[PDB]
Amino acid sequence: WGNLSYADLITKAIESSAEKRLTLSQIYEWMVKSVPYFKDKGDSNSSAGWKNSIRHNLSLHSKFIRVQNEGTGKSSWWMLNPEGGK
């Protein structure tokens, strides 16, 4: 779907937001709305190979930090490590 890996799609998705933080569902909706290949996936449940790959990259790569959302039953924030670490 281009020259970008999943980790970079997610990275710029987070950076696109003004608060530099996104829930997992917000990341999904970005891909569907910002990337040409994911336009078709308007209504996909979890897994979904690409959604599975996204969750995989979030947990695998340490550039992504899962932060407690407070609150109202909403899923956690996915943010980027400032110094990068990795």
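Position 1 is the first residue in the sequence shown; the rest follow in order. C-alpha atoms forming the largest set that superposes within 1.5 Å between two forms make up the rigid core.
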Greatest C-alpha divergence in 4 other deposited structures of this protein once each structure is fitted on the rigid core, 7-15 or 65-73: 65-73
More shifted region, core-based fit in 4 other deposited structures of this protein, 53-61 vs 34-42 by CA: 34-42
Of 8-16 and 71-79, the stretch whose C-alpha atoms average the higher B-factor in the entry: 71-79
54-62 versus 38-46 - greater average Cα B-factor per the deposited record: 38-46
